[PDB]
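# Report on the structure
Chain by chain, the residues:
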Number of protein chains: 2
Amino acid sequence: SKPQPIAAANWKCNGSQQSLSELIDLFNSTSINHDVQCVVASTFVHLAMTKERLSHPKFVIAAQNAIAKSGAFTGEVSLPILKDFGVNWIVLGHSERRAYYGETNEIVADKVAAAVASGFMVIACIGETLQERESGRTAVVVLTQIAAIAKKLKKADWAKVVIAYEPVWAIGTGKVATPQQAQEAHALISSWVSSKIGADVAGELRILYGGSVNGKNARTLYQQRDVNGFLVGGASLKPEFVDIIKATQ
Amino acid sequence: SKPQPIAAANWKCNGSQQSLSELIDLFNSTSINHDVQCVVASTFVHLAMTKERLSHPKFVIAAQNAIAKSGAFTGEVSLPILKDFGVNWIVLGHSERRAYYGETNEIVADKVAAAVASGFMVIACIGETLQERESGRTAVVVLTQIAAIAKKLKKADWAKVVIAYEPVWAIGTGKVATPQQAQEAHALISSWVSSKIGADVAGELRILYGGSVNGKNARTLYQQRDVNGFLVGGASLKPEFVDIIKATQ
């Protein structure tokens, strides 16, 4: 049987105090009857307001990135800072950061390891690009990405880890992975974890799908054996996020 | 005659709610006898707390970085998000971002132009490395950095620009520029602005020095003709920041 699902909102670099407040209010007013961990990853600027306003019991707040240590890193936010601020969840290695902001497999792995060491729950993102998919390299890409993360972790750290598989070609493009495509990738990742880390670890591991998840396509994706929830971008800034939460059963 | 000086605290990636609250309490209690714009550039996480707790009328809050536009930039903060949050000052192009986070002269220029277009007061950082300085390339390097910025601005926009000259070799190394070194660089920048933009513009431009500024060395730097204040790193997390403010009389 599947572990507890996660429905995670990646608001990315978006939102005003007014618009996010209206969203938070809708979330707060939503009854959710099944066990699902909901997560809202706001910009750093909005953490304070989100921490204050979001009261729904099934939701936790997350950051969208961090660096490992405090220090002379103008513009960046560190894990200790977030921890001191009461933020216990974090999205790391998002493909936008891998593409635009220099995050190699190793940089991601090191961030994930530091976050787990500090006690964070981490949604670690992996996934292939369009070119990688089209060139037939998906499997090696995703396995290499996760193996880099694993290299910096110990078996016990996996209880704090969540993997988000997001094919880059599905992010913001309207081109969602089919249920078959998502399952194929998730089953592959699960097989790797089971073999390298342990069957116990694989069984408890949540592998979330992301990339063009919406209220209409989520239910069918969630029916797949190795899909344990969703990392949602565009739809997470909308009321339909609640329909994605509802699809995780 | 000098324009209004600026004393800017670049807290970098540092601070706990408690430690920064204590610092803010000290700043709030400080009596400042002259016109000076004090600026506290906190991490994004701490903007809410700093905005609320700072009361001293001579202090404004600033961000330490941003990207131009909101959108699918996981982990980043945009100018409109900051503007919506009431943050109207920003530090851009800091050495650490140029060195660690891919900010080329052009990326910095575009950020500065976007910030000015959004209505921000911008502290735009320029400065040469140790190898550039020792090879006699200070002038071409520094002037090329400001020229990139100027390309993207119109004359009137300079009212919203503050230049921070921070030799990279002086950042966190304890090697403060001597008064002669600082003045030579600042005079070069001022002369370039006078030539390229306008004498009036150069006269009203604030050029701040940064790099190992502390309460003891601040005044001897402020005495220089073309030093209009400071961008302070390490010492801005300490009580002696008050002495740096006082040194701008």
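Per the deposition metadata, X-ray crystallography was the technique used to determine this entry, at a resolution of 1.65 Å.

### A closer look at the pattern of salt bridges
Under the definition given, this model contains 17 salt bridges over all chains. The closest approach of N and O atoms between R133 of chain A and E128 of chain A, which form a salt bridge, is 2.8 Å. Between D226 of chain B and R225 of chain B there is a salt bridge whose closest N-O contact spans 3.0 Å. One connected set of salt bridges, linked through shared partners, spans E76 of chain A together with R97, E103 and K111 of chain B.

### Section: the sheet that holds strand β7 (residues 206-210) of chain B
Taken in spatial order, the eight strands line up as β1-β2-β3-β4-β5-β6-β7-β8 (chain B) and close into a barrel, and their pairing is parallel. Between one strand axis and the next, the sheet turns through 25° on average, direction left out of account.

### Describing the environment of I244 of chain A
All names here are of chain A. The topology assignment puts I244 in helix α11 (residues 241-246). Overall, the relative accessible area of 0% leaves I244 in the buried class. Here the alpha-carbon distance between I244 and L231, two residues 13 residues apart in the chain, equals 10.0 Å. Non-local contacts of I244, meaning those with residues more than four positions away in its chain, are made with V213, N214, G215, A218, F230, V232 and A235.

### Overview of helix α1 (residues 17-28) of chain A
Residues and elements named next belong to chain A. Helix length check: α1 (12 residues) gives 16 Å between terminal C-alpha atoms against 16 Å at 1.5 Å per residue, within 8%. If you check which residues of α1 are buried, you get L20, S21, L23, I24 and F27. Viewed end-on, α1 has its buried residues packed into an arc of 165°, placing them on one side of the element. What points out from α1, more than 90 degrees from its buried face, is the exposed set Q18 and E22. Packed against the buried residues of α1 are β2 (37-41), α2 (47-53), β3 (59-63) and α11.

### Brief notes about the interface of chain A and chain B
Counting from both sides, the interface comprises 36 residues of chain A and, opposite them, 36 residues of chain B. Carbon and sulfur atoms make up 59% of the surface buried where chain A meets chain B, a total of about 3000 Å² over both sides. Its largest share of buried area at the contact with chain B, chain A owes to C13, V45 and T74 of chain A, together 26% of the area lost on that side. Our count for the contact surface shared by chain A and chain B stands at two salt bridges. A salt bridge links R97 of chain A to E76 of chain B; the shortest N-O distance between them is 2.8 Å.

### Some points on the environment of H46 of chain A
Considering the arrangement of structural elements, one finds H46 of chain A in the loop between β2 and α2. Judged by relative accessible area, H46 of chain A falls into the buried class, the value being 0%. Between the C-alpha atoms of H46 of chain A and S70 of chain A, which are 24 residues apart in sequence, the distance is 20 Å. Discounting residues that sit within four places of it in the chain, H46 of chain A has contacts with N14, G15, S16 and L20 of chain A together with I81 of chain B. One polar contact links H46 of chain A to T43 of chain A, side chain to side chain, over a distance of 2.9 Å.

Criteria and thresholds
- Residues numbered from 1 in each chain as written, not as in the entry; some residues may be left out.
- Chains lettered and ligands numbered in written order.
- Heavy atoms only, no water.
- Salt bridge = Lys/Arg side-chain N within 4 Å of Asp/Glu carboxyl O.
- Pairing = 2+ DSSP bridges.
- Helix = DSSP H or I, 4+ residues; strand = E, 2+ residues; numbered from the N terminus.
- Axes fitted to C-alpha atoms, helices over the stretch in contact; angles between N-to-C directions.
- Buried < 20%, exposed > 50% of the residue type's maximum accessible area, 1.4 Å probe, protein only.
- Contact = heavy atoms within 4.5 Å.
- Expected span 1.5 Å × (residues − 1).
- Arc of directions from axis to C-beta.
- Buried area = accessible area lost by both parts, 1.4 Å probe.
- Polar contact = N/O pair within 3.5 Å; in protein donor to acceptor, adjacent residues only side chain to side chain.

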